[PDB]
Structures are given as C-alpha cells and as structure tokens.
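Starting off, we have a lone chain in the form deposited in one PDB entry, written out as structure tokens.
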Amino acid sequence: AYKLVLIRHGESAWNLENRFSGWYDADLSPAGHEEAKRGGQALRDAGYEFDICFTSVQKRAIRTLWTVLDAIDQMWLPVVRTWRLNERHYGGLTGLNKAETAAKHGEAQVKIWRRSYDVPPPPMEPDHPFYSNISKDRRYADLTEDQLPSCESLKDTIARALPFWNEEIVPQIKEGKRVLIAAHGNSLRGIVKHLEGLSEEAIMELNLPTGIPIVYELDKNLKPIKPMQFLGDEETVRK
C-alpha cells in the first residue's frame, strides 16, 4: 500500500482577519506556525519517512512544509514548488473580508459563489489594489496569457492542478517514492476528489483543516484502500 500524506498550510495572518488571500502571499500566523509544528510532531511520532516534497509557490504552504521537515528531521529532502498547487485565485474579492464582500455583492451572490462549482468570482482588474502585487510578480513570469488567472472557480483551480498531479506526482508515487504535499485546501480538493472519485457537490462540503496531516493508503491503481485518516493528538483529531 502506497502511503501518501497531504497537508493544508497552517493558519494565515489573513485567516485571522477573515480576509480573502487567494494568490496573495500571506504568511502564517503564530498560531498557524504552531499548527504546522504540531502536525510535524505527529508525523515524527508515527515514524514517517518521505522521499520527495511538493508544494505551491506561496509562503504559507512553503513555511508549513519547512516546519514539518524540521520536526521530522528531513530538511535534506527534494522540494518541488509549482504555481499549480496555489490557492484558488479569488479575483476581485482578493484583499476583501467577509463583511466587505457581503456589503458589495449581497448575501445572495456570496451564497451562490459559496455553493457553485463552476462560477468564478469577478476578475481582478488592473485598478484592483492587488493587481500588480499578484499579476506582475516575477514568480509567474513564465506563465502564458491563458494560464495566468484573473479569477478561478473551483473547477478552474482543479483543472490546472490535476495536470501537475498526473505528470509530476503520480510518476513519483508509482516509482514507490513516499510523497509529502504541502498546499492549500482548494488545490488539495482536486487531489482528494480525483482519488476518492467524489462528486462536485461532495467535494464542496469537504473541508480540510489547516496544519493537519492527512494520510492516504493507495493501491496499484492509486485508489484509497480506506478513508483518509487525520494525524495528531486526541485533542486535535477530536475536532
């Protein structure tokens, strides 16, 4: 049974603010840092060993991975970063909080975005306060026109994440190398939905907790042999 571990970044400084980050490069909160530290300790107590690590190009994910590698004494592992594991790109909502979003669009429209699988938020325009910050960041310079989002539905996000899963991670798994993925809830959703063959509707009430290791046991066709297990103390897994 192949062992695959997934983890969502610990709590971000904007998670505290209820503020939409998307492709904005928000750092971990101190609490989020401790979440990743404890997840790491859970992985160490269980004696987990990895051979390669995949992550996004966003610091909350990357720092979660670093803290885990520190905890499990495996800082020497290969790490691969890709924009394809990025958070979903929330377009115009980027930088706004719950209240601002509601005030601008109404609770009906927010409800629809919350429930829909294929309806994108409004796009991030050039006069948007974070337009340069995200769209002109040199880390995306090698992205084509079509590849660089102005906004994403979950469907979109999943659609650009899965080719990385298929071409870069699946070959590693079949080669028998134990993979650790540190990413975001919505990019991880693509992976979960593909593994468990979930529905559009089902994958949307799937909420992945921040900073908690998720273990999959896969067979030769990479289908789970059992449901996902959360890792950590009893207090933690209790939630």
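Take the two forms, superpose them, and find the largest set of C-alpha atoms that agree within 1.5 Å; that set is the rigid core. Numbers for residues come from their place in the sequence shown, where the first is 1.
Stretch comparison (198-206 versus 53-61) by mean CA B-factor in the PDB entry places 198-206 on top. With 146-154 and 86-94 compared on mean CA B-factor from the PDB entry, the stretch scoring higher is 146-154.
The maximum CA B-factor among the listed residues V110, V79, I134, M124, taken from the PDB record, is found at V110. Per the deposited record, the Cα B-factor of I212 falls in the middle third when ranked against the other modelled residues of its chain. Looking at the C-alpha B-factors along this chain, the one for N18 belongs to the highest third. In the deposited entry, the Cα temperature factor of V119 places it in the highest third of its chain's modelled residues. In this PDB entry, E34 carries a Cα temperature factor that places it within the middle third of its chain's modelled residues. In this PDB entry, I7 carries a Cα temperature factor that places it within the lowest third of its chain's modelled residues.
Only in words, not in the display: the form deposited in another entry, which the text now covers.
Just a single entry of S135, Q109, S153, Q74 exceeds or equals a 2 Å CA shift between the shown form and the other one, which is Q109 (rigid core superposed). Relative to the superposed rigid core, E217 undergoes a CA displacement smaller than 2 Å between the shown form and the other one.
For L16, the Cα coordinates differ by 2 angstroms or more between the shown form and the other one after the core has been superposed. In contrast to the form presented, in that other deposited form the C-alpha positions of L16 and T94 draw closer by 3 Å or more. The Cα-Cα distance between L16 and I134 is shortened by 3 Å or more in that other deposited form relative to the form shown here.
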